[PDB]
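> Test case, fold it:
(chains A and B)
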Amino acid sequence: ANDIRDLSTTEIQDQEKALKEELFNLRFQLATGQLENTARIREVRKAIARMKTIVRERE
RNA sequence: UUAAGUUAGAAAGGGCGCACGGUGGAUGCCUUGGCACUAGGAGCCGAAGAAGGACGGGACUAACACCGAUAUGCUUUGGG
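Numbers count the residues shown, from 1 in each chain, chains lettered A, B, ... in the order given. I have put the structure below:
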């Protein structure tokens, strides 16, 4: 969370994209019954929310 | 033996009493909820989009509660 604040906005924006790609893949593996560590999904969702919160704070 | 006479007993089923069960949810005890007030506070919300909703959000989610595509939560300050 503080580590996110060390990054630039553009750098944060890139981290979001990466997390959204990850979240999509998790949901895809979950659907095909190949996930196992199902707790990752919640982690990633929160992370994305954290990014978007920091960015909105910047403005 | 015959005759005359007398009287018993009987239960297909039923009645009364008793015993033991079933059904049913009265009664007692209990209280998650109510009822009436007192003292203080507060007496408005809305185009900066209200009241009230609909549909969604969880690993799996039918319902409730919570939340809004940042969705079963995000940041921060304190408490613990």
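> Get me the contact residues on chain A for RNA strand B.
A:1-2, A:30, A:38-39, A:41-42, A:45-46, A:48-50, A:52-54, A:56-57 (C-beta under 7 Å from any atom of the strand). Every C-beta, even on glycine, is put in place using the N, C-alpha and C of the backbone.
> In strands, which of those fall?
Here DSSP state E is the test, and the residues of chain A next to RNA strand B give no hits in strands at all.
> ChimeraX command to pick out the buried ones of those residues?
Remark: buried members of the residues of chain A next to RNA strand B, expressed as a ChimeraX selection using 16 or more other C-beta atoms under 10 Å:
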select /A:41,48,50,54
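> What are the buried residues along whatever helix or strand residue A:24 lives in?
Assigned by DSSP states H and E, residue A:24 falls within helix A:9-31. Neighbour-count burial for helix A:9-31, counted by 16+ other C-beta under 10 Å, picks out A:12, A:15, A:16, A:19, A:22, A:23, A:26, A:29.
> Extract the C-alpha set from it and format it as PDB.
Presented in PDB, the C-alpha positions along helix A:9-31 are these (Å, rounded to 0.1, in the frame of the first residue of the first chain):
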ATOM      1  CA  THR A   9       0.900   7.000 -11.600                       C
ATOM      2  CA  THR A  10       1.800   5.600 -15.000                       C
ATOM      3  CA  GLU A  11       3.700   2.800 -13.200                       C
ATOM      4  CA  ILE A  12       0.600   2.100 -11.000                       C
ATOM      5  CA  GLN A  13      -1.600   2.100 -14.100                       C
ATOM      6  CA  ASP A  14       0.600  -0.600 -15.600                       C
ATOM      7  CA  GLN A  15       0.400  -2.600 -12.400                       C
ATOM      8  CA  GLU A  16      -3.400  -2.500 -12.600                       C
ATOM      9  CA  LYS A  17      -3.400  -3.900 -16.100                       C
ATOM     10  CA  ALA A  18      -1.100  -6.700 -15.000                       C
ATOM     11  CA  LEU A  19      -3.400  -7.500 -12.000                       C
ATOM     12  CA  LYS A  20      -6.500  -7.400 -14.300                       C
ATOM     13  CA  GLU A  21      -4.900  -9.900 -16.600                       C
ATOM     14  CA  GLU A  22      -4.000 -12.000 -13.600                       C
ATOM     15  CA  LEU A  23      -7.500 -11.900 -12.200                       C
ATOM     16  CA  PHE A  24      -9.000 -12.800 -15.600                       C
ATOM     17  CA  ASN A  25      -6.700 -15.900 -15.800                       C
ATOM     18  CA  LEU A  26      -7.700 -16.900 -12.300                       C
ATOM     19  CA  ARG A  27     -11.400 -16.700 -13.100                       C
ATOM     20  CA  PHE A  28     -10.700 -18.700 -16.300                       C
ATOM     21  CA  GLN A  29      -8.900 -21.400 -14.400                       C
ATOM     22  CA  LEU A  30     -11.600 -21.400 -11.700                       C
ATOM     23  CA  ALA A  31     -14.200 -22.000 -14.500                       C
END
